[PDB]
Structure formats: C-alpha cells, structure tokens
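**Q** 3D model of this:
(chains A, B, C, D, E and F, ligands or ions: 4)
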Amino acid sequence: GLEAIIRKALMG
Amino acid sequence: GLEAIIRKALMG
Amino acid sequence: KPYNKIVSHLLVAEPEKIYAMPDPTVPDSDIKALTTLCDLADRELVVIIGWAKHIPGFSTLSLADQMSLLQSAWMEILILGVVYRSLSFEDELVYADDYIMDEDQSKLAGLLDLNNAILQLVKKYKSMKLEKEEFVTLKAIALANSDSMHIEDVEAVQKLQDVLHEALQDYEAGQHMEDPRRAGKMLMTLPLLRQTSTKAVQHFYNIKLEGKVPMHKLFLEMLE
Amino acid sequence: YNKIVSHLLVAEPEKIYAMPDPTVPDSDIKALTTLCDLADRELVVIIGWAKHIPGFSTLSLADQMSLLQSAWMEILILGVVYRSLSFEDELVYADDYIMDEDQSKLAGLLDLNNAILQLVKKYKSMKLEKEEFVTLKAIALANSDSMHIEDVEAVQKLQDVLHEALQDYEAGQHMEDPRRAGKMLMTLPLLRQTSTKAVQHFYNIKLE
Amino acid sequence: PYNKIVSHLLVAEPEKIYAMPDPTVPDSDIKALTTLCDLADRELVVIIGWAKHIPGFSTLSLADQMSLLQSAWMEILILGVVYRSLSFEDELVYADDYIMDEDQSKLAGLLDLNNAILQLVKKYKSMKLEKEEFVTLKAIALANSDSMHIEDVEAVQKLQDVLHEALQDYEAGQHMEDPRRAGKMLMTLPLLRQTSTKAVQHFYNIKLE
Amino acid sequence: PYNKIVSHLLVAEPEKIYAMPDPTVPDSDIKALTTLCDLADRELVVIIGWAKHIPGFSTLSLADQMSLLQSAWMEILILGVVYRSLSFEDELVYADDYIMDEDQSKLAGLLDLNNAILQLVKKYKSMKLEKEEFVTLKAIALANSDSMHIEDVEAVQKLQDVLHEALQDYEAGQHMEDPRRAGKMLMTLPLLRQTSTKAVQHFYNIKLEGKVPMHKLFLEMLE
Ligand SMILES: CC/C(=C(\c1ccc(O)cc1)c1ccc(OCCN(C)C)cc1)c1ccccc1
Ligand SMILES: CC/C(=C(\c1ccc(O)cc1)c1ccc(OCCN(C)C)cc1)c1ccccc1
Ligand SMILES: CC/C(=C(\c1ccc(O)cc1)c1ccc(OCCN(C)C)cc1)c1ccccc1
Ligand SMILES: CC/C(=C(\c1ccc(O)cc1)c1ccc(OCCN(C)C)cc1)c1ccccc1
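**A** Residues are numbered from 1 along each chain as shown, chains lettered A, B, ... in the order given. Ligands and ions are numbered 1, 2, ... in the order given. Now the structure:
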C-alpha cells in the first residue's frame, strides 16, 4: 500500500 | 529521409 | 571526547539488521528478485517508521506532517540504507546480509540502470569514508529535508532540519577538524539521493502497469 | 509419419470460447475485455500444453518459465492465425468471436489485426497443415531467444529434436517441395515481429 | 570582507534577456511554450559563455565541461527564474516582458511544474536569498551536477570545493549571526534537482503533443 | 565446386567501410551516435548498390525494390557488424577503426542494444558461421523482410525461393555432417528481426530526446 503501511504503522 | 536516400541511390 | 546527544540518540535508535529471506523453492528470475525486494522494502518501511518516531522533533509534529515527510523520503531512506551496508564491497549491493546483488543478478532482474545509479551513491560515500554517525544523521536529514508540497507547520519542519543539521555540523566539527567543509560535502550528496530515489519510485510504478509480475507467478504455479 | 508430430497432434488443446457478454453494448472496451479474458484462459491450456512437448519437462523450471515468458504471444497469435486459415480477411479468435475489418476498427486494433492477417495470408498460400502448425508452435516456444537461459545446450537440443521432426515430416509427406521445411521456418520472423507489436500494443493501452 | 570568487561571479552574471512574446499570435497553450522554448534557447547561449567565466571550469576537459553542462542546464535555468521571482507574490518572472501567474500557468498546462518552481521561490524568500548567494549557488549546481561519465573526477571535485569554500567564507563573513546559513543553502539543491528533472521529463513528454 | 549464386554474392560483397571518428571531438554519448549515423548512412548507400547484384532483385518494380530495402536495411546493417565481430570477445566491430567494448557501449547509451547484437554474435560464433553463409543470409534477410506494400508477391516469393535454394545447396555440399545446418541458419532470423526492430525504435526514440543537436551547440559554444 505505502499509504496503508505508513498509516497503520503510525496509528498503533 | 530514409526513403529519400534509398530513392536517390537507385537513381544513381 | 563526548559526542553529540542527538547523534548518540540516533545511533541507539538504529534498527537491527533485517533479512531478505529469499524463497529457495522459487527458481531464479526477474520476478523473484523483484518479489524479494518488495517484501523486504515493506518490512523495512515498518521499522523505518518506527525509527522516525525516535527522531527528536518528529513525534511533536502533527500526524499529517509525519505522514507527509515519510511519504516523500521513504525511498531515499531505503536506498540510503542499502548504500551504507554496501560501503565495504566492490560492485555489489547488500540489500540484506542474505541478499547481495552483483552485476549478473541485476542483469537478470532488469535493475541494471537502477542499481548502477545506486552504486554511484556508494562510490561517492566510499570516497569520503562515510561513518555510521554520519549515515544515521543523514537519514534523519533526508527525512526532515524531504520537500513535501503538503506541509502544515512549515516553521516546525524547518526547525527539525535546523536541529539535525546542527548535530551533523557539530559531530563533523569535533570528529573531523582536518576537514572544515565535511558537513557541506555530506549535504552535497543529497541531490543524487533525491534523483536516485525518484528513479526508483519511477521504475517501480513503471513495472506494475507493465504487469509481468503476476504472469510469472502463474506460470510457476501451473508448471510446478 | 513421425513419433513427435503425432505426440504434438494429440497434445493439442480443445477449442476455447470467448463467450462475450451479449448484454454489454459493443465497444472498444468490451473487445479488449473479451480478448484479455480469452488469452488468460488460453494461457492456462497453453502452459499445460508445453509440458507435453518432448523434452520441455526435463529442463529446469527457470528455463521453462523463461521460454514461455518469451514465446507466449507468438503461440497465441499463431493460434488465431491457424483458426483463421479457411476464412477471407477475418480472424477467428474463437468459434464464437470472429473479427472482421469493421470490428477490428472499433477495437482500435486495425494495424495489429492487419499484421495478423499478413501471417494468415502467407500460410494460406503454402496450404499449412495441422501437423506443420503444431510442430511450428512447438519450435516457436523452443527458438524463443530468451537472454536468461540456464541450460543453453539442453534448450539447443530441444530445438534440434523439434526441427528434425519438421524436417522428417516435410521429407516424407512433401518430397515434391525439397525446401518446404525451410519455407516454414521463414514465416517465424513475421510471427516474432507481430508478436512484439501485440505485446507492446497491450502495455501501451494499459497506460491508456 | 571581500571574496575573490564571488566578485568574479557577480561580474560574470549575464545581462537581462527578454521573452519578446509575439503579439500577432493569439493567446494559447502552444504560444506560451513556443516562447519559453525560444527564451530558454537564447538563455542557454549566455549560460554557456557564463560557465567559462566560473573559476576552474575552463581548465576542465571539453568532455567534462560538456558533461557538467549536459547535466546542469535546466537547473541553471530554473534557479534563474526562481531568483527573478523572489520579490513577487505567486507569480514567476521568466523575463520582465513575460510574467506567469496561476491562470496563465493553467492555460499553458504548467500548473504542476510552476507550482513546483514556486516551492523553491517560497523557500529562498524565507532565507532572504541574496545575489551573492544566487550566483555562487548556480555555480555549485553546475559543479555538483552528478554526471555519470566525468573523465577527471578529482578536477571536478576540486572545482566543487573552490565554490563550496566561497559560499562558506561568504557566509562566515556576511552572516555570522547564523553559523549554518551555508549548509541551509546547500540543502535547497535537492529540490532544485527534483524540479529540474520534472521540467526535462515534462519537456520531452510534450514533444508528442 | 560451388553454387553459382553464392559465388556471385561473394564477389558482390562490398569493400570494408571505416567509421572515421573525428579525433578532435571529445569522447561522449553524442560522438558515438554521431559516428554511427554517418557510418550507417554510407553503408546504406553501398547496401543499396549491393542489392542490385542479387539475382532477381533488379527485375522487380522500383516500388518493390524500395519496399524490401525499407524493411531490411537495419537487419543487413546489424548482420554486418555481427559477422565482423565473430572473431572477437565481447566487442563489436562496427568498422576496423571503430570497435565497442562494454565500457564504450556504456558511454554511448547503447548497453542494452549492443548486448542484443552480442547475443546474435554468440549464436553465430557457436555455429562457426562462414562468409558464404553470411552473404547469402543478408540476401535472404532482404528477400524475406515481410513488407506490407509489395506489388508482386509471386515475384518476391520466387526470390526467397532461389536464395533459399542457394543456401540449401551450399549446406548440402559444404556441411554434410549437419543436414539441419541450413534450417538452423534460417532459425536465427527471428532474432535478427527482433534486434533490428530495437535498433530502429531506439533511433526514432533519440531523435525525440534530441540531445545530439544540444551537444553540437555545446561543442561550438565551449570553443
Ligand atoms: C532498487 C531496489 C528496490 C527496492 C529496495 C530498495 C532498498 C531496500 O532496502 C529494499 C528494497 C524497492 C523495491 C520495491 C519497493 O516497493 C515498495 C512497495 N511497497 C511499499 C508496497 C520499494 C523499494 C527497487 C525499487 C524499485 C523497483 C525495483 C526495486
Ligand atoms: C491480437 C488480439 C489480442 C490478444 C489475443 C491474441 C490471440 C488470441 O488467441 C487471443 C487474444 C490478446 C489480448 C490480451 C492479451 O493479454 C493477456 C494477458 N493478460 C495478463 C491480460 C493477450 C492477447 C490482443 C493483444 C493485445 C492487445 C489487444 C488485443
Ligand atoms: C517550466 C518553464 C520551462 C522552461 C524554462 C524555464 C526557465 C527559463 O528561464 C526559461 C524556460 C523551458 C522550456 C523549454 C526548454 O527547452 C529548451 C531545449 N531546447 C532544445 C528547445 C527548456 C526550458 C519549461 C520546461 C518544460 C516544459 C515547458 C516549459
Ligand atoms: C546499433 C548501432 C546503430 C547503427 C548502426 C548499426 C550497424 C552499423 O553497421 C552501423 C550503424 C545505426 C545508427 C543510425 C542509423 O540510422 C542512420 C540515420 N539515417 C538513415 C537517417 C542506422 C544504424 C544504432 C541504431 C539505432 C540507434 C543507435 C545506434
């Protein structure tokens, strides 16, 4: 994803 | 001109 | 005699080695090489992000700005990672300890241009004898200095660049008195990293639409 | 005739159908959609087919993938070329999907289908026979000139064995033309030429 | 103080070039482009002549002088416009007689590319970029243009330092109040390179349009 | 003894042609390319005269002679450099005074395209290809160049057939150990076409990039 990975990884 | 050249030749 | 507190912090935050871990069952081919780098990249990103939080200033920034810096510099940070790991090698690229690509393997994966460009970064830092302290600080600056067109707090990002820059210039002042211009020399490598990153990001999207990838996996599936 | 030509005759896959959706109005998209769906399903039987070529299965997987990765479009186009032989200015992609000049225009495929017809035109003149078509298909897989071959000698051998089969077939069944085998092998450049057009045309209209 | 190498670059600086947009041709896409092409074309000539006046440049091999120029040229154009645009708001000054705002850049289809060019303007504005720094930075970009086939690498590296040392000494004297001003200046090149590459690609892309 | 056509072609074979690289010009991408375009242009001319000697080829219409040439020119040029390179390792002899190794192929931006030609060298090296087979193969590559604009199809097939016969006959006489040699030879054309097509593309492709007319103005200015 990239967007998905960055997002998921920052989130939690 | 590729075509040109070829024509020019078969003339001379 | 004592180091810079931020540089020292950056060294302890430096992530452990990550392994490529190629599938031995899959026959050697272009797609394997790609497939293997994609999954590597994806695990590296997850730690790269984890790493970002440890950079001082970063976590204080809004979640949108954190996102936006990572969104711009990820590929520069990945690429600058392989480059460092590659320093004491000749014409080979250490993507991981279990994944080193020499010329031949690059010819097989169609990354001959791409890796040659990455070797250009390796050649230069080899010349300067780039040191870990410098690598980790440069990674931080690549991130801070990532020129995202979408920043909220411009002054805060600048303040992040100024801090990290100051740590480089201080390490380079204490550890390299013989070169009063070493920090700038280091900073003058950034553009090649930028150029190279963009190349990479291009190549990658350029082969999704040239979707050879799933075709390969399907051949192997039927044939095996 | 020959043990290898017979073996290829029986390995020939059964017909496959395009089954276009009749509810979907005719257009550029549908044509390209239907032809993608057909190639995909042909490719599955094509892959199964290569395993039944004599010698293919003894090469390394890397080599087998390589040759197919190289040859797949040539084997597809050669297929439509053969099914099209008893037709005039028309391409039989499947019994239930036959493209004429008008339909070819609407798909944006006039230049490409034209080139495919140029192959049909050649083979029509020679009176290409099923045994020749299937041996030639075989050869196209094996003479595919990939850069990353692992066993050049084994792949060379597969070429030689399949050639010898074409040779012997034309020697026994077509003695009246001592050069028919060579004639056949000379149609391959146009195949590879046209096969490249199609592959490049496909990745072109991916972007578009 | 006074710095030898900057003072020479200051007098090496070219004279104002004018876009002379054709008033007979009706406002359009092609027009804007036909003008910028001829503008860039005319600019390059004095950019090459300019390059010779850079200390050390002319002692490089013709092969290297070319390579550096074959690499850098767009960067030198773009920095050019960036500078002329510093005292303006959301407008780009390709010349005194050709100034582009958002709505003109919409018509030429250069919105994305000019907006990028404005990101560079926006930055240098913050820093209060001065002509002494503009000229020295143009020089540096040419020297640090990262060409793949340099004949003499050492000579090109030494050129890089001489220019770098000039920036460094200038900033040490004129801007002691910020001990990192020079570094800050060098840290703006990656954007200039990024933007340079887009322009090139954009140019070669539209050679089909 | 020998086949008459084959013999005819060996004497038809043009003399060597030199690249004549300008020594004053500094070595670069555009030099290479400059040098090869001039070379090609001159070889074209002798390739055109050469075809006249091919038996049959003069008896075609002028339109057909032109069509075959327009289709096969890059294939002949390449089969040329390929034959000239057989005796060499990883090097391409474009002419005796112009020889590209891996290093120079990189300078010129020809690495991908040169390796493809070296792929053709490798194959013919393996089959210890001979001048008799080279000259006849150029004739066949021209006759069998698959142009869409042909006026007289029968006439062009008849030229393929005669040239094919000459090859078979030569292989029958000179290579009796390998009764498949002729076909093997014929089985290398698909690569010649593929490779030719790359060459052609790459060229129209760098006419757009127009860094050559740049480099020329840089040359003039910097001096
Ligand atoms: C050049 C090596 C590389 C990647 C890479 C670089 C350094 C590293 O440590 C690991 C990998 C690479 C490969 C794929 C990639 O895709 C990421 C997409 N994910 C995020 C969904 C990114 C980099 C690559 C980039 C583009 C195309 C092909 C390969
Ligand atoms: C020539 C018709 C054709 C295809 C075709 C050829 C022979 C045949 O028997 C059946 C179809 C075609 C179309 C698409 C294609 O891609 C399939 C691969 N997947 C990954 C989409 C292959 C062939 C085609 C190819 C490219 C663009 C447009 C049309
Ligand atoms: C973005 C402005 C620009 C050019 C430009 C930039 C700064 C400047 O001071 C003057 C012009 C531009 C336009 C064309 C160009 O091509 C020159 C190459 N010759 C061979 C025509 C270079 C820059 C341009 C670049 C690409 C496409 C469209 C416009
Ligand atoms: C592969 C070398 C080559 C040419 C070449 C090949 C063999 C040979 O013996 C001599 C030259 C080449 C270059 C240009 C070219 O067209 C000339 C332009 N005229 C015809 C307008 C043809 C071949 C070439 C072709 C395309 C792009 C770049 C280089």
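**Q** Let me see the contact set for the residue of chain A found nearest chain F.
**A** Closest approach between chain A and chain F, counting by CB to the nearest CB: residue A:2, at 29.3 Å. All C-beta atoms are positioned from the backbone trio N, CA, C, and that covers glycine. Neighbouring residues of residue A:2 by CB atoms under 8 Å, 6 or more residues apart in numbering or on different chains: C:45, C:71, C:74.
**Q** quick one: which of those residues sit in helices?
**A** Applying DSSP state H to the contacts of residue A:2, the entries found in helices are C:45, C:71, C:74.
**Q** any idea which element residue 6 lies in?
**A** This is for chain A. helix A:3-11 (DSSP states H and E).
**Q** nope, chain C please
**A** Counting by DSSP H and E, residue C:6 is found in helix C:5-12.
**Q** So for that helix, what gets flagged as buried?
**A** Buried residues in helix C:5-12, counting neighbours by 16 or more other CB atoms under 10 Å in any protein chain shown, are found at C:6, C:7, C:9, C:10.
**Q** I figured residue C:138 hits residue C:183, correct?
**A** No - between residue C:138 and residue C:183 there is no contact under CB atoms under 8 Å: 10.3 Å.
**Q** Do a quick rundown of the helices in chain C.
**A** C:5-12, C:30-53, C:63-85, C:103-109, C:112-128, C:132-144, C:154-175, C:182-187, C:190-208, C:213-223.
**Q** interface residues of chain C facing chain A?
**A** Residues of chain C lying close to chain A by CB under 8 Å from any CB of the partner chain are C:42, C:45, C:46, C:49, C:50, C:63, C:66, C:67, C:70, C:71, C:74.
**Q** could you flag which of those residues are buried?
**A** Applying 16+ other CB under 10 Å to the residues of chain C next to chain A flags C:45, C:46, C:49, C:66, C:67, C:70, C:74 as buried.
**Q** I'd like to know which of those is nearest to residue C:27.
**A** residue C:45 (27.4 Å; CB to CB).
**Q** Which residue comes closest to that closest one once chain neighbours are left out?
**A** Of all residues not flanking residue C:45 in the chain, residue A:5 sits nearest, at 5.3 Å (CB to CB, 6 or more residues apart in numbering or on different chains).
**Q** before we move on, what about residue C:156?
**A** residue C:61 (5.9 Å).
**Q** The one you found - how many residues pack around it?
**A** Neighbourhood size, residue C:61 [other CB atoms under 10 Å in any protein chain shown]: 20.
**Q** got it, and residue C:185?
**A** 19.
**Q** Next up, the contacts around it.
**A** Residues counted as contacts of residue C:185 (CB under 8 Å, 6+ apart) are C:128, C:179, E:164.
**Q** Pull up the gap between it and residue E:82, please.
**A** 24 Å (CB to CB, to the nearest Å).
**Q** unless I'm mixing things up, residue C:6 is touching residue C:169, no?
**A** No - contact between residue C:6 and residue C:169 fails when scored by CB under 8 Å: they sit 11.4 Å apart.
**Q** Return the backbone torsion pair for the closest residue to chain B within chain A.
**A** Nearest to chain B in chain A, going by CB to the nearest CB, is residue A:2, at a distance of 45.7 Å. Torsion angles at residue A:2 (phi, psi; degrees, to the nearest 10) stand at phi 90, psi -70.
**Q** Starting from residue D:89, give me the distance back to it.
**A** For residue A:2, the distance to residue D:89 - CB to CB - is 49 Å.
**Q** ok, now residue C:48?
**A** Taking CB to CB, one finds residue C:48 at 59 Å from residue D:89.
**Q** Identify each buried residue in stretch C:130-148, please.
**A** Within stretch C:130-148, judged by 16+ other CB under 10 Å, the buried ones are C:130-131, C:133-147.
**Q** Stretch C:144-161 now?
**A** C:144, C:145, C:146, C:147, C:151, C:157, C:158, C:160, C:161.
**Q** of all of chain C, which residue lies closest to chain A?
**A** For chain C, CB to the nearest CB, closest residue to chain A: residue C:49, 4.2 Å.
**Q** Contacts only, for that residue.
**A** A:5, A:6, A:9, A:10, C:70.
**Q** Equivalent analysis for residue C:33, please.
**A** C:101, C:105, C:108, C:109, C:111.
**Q** If we only consider those, which is nearest to chain B?
**A** residue C:111 (34.8 Å).
**Q** now that closest one: how far from ligand 2?
**A** Relative to ligand 2, residue C:111 is positioned 22 Å away (CB to the nearest ligand atom, to the nearest Å).
**Q** Residue C:217 too?
**A** Counting by CB to the nearest ligand atom, the gap from residue C:217 to ligand 2 is 12 Å.
**Q** Give me the number of neighbouring residues for that residue.
**A** 12.
**Q** number of nearby residues for the closest residue to it other than its chain neighbours?
**A** Excluding the flanking residues, the one nearest residue C:217 by CB to CB, 6+ apart is residue C:31, at 6.9 Å. With neighbours defined by other CB under 10 Å, the count for residue C:31 comes to 23.
**Q** Could you do residue C:124 as well?
**A** 19.
**Q** pretty sure it contacts residue C:192?
**A** Yes - when contacts are counted by CB under 8 Å, residue C:124 is listed as touching residue C:192 (7.1 Å).
**Q** so what does the helix holding residue C:6 touch, helix or strand wise?
**A** Counting contacts by 3 or more CB pairs under 8 Å, 6 or more residues apart in numbering or on different chains; DSSP states H and E, helix C:5-12 packs against helix C:132-144, helix C:154-175.
**Q** Out of those helices, the one nearest ligand 3 is which?
**A** helix C:154-175 (23.8 Å; CB to the nearest ligand atom).
**Q** So residue C:220 is in contact with residue C:23, correct?
**A** No - using CB under 8 Å, residue C:220 makes no contact with residue C:23, being 10.6 Å away.
**Q** Perfect, that will be all.
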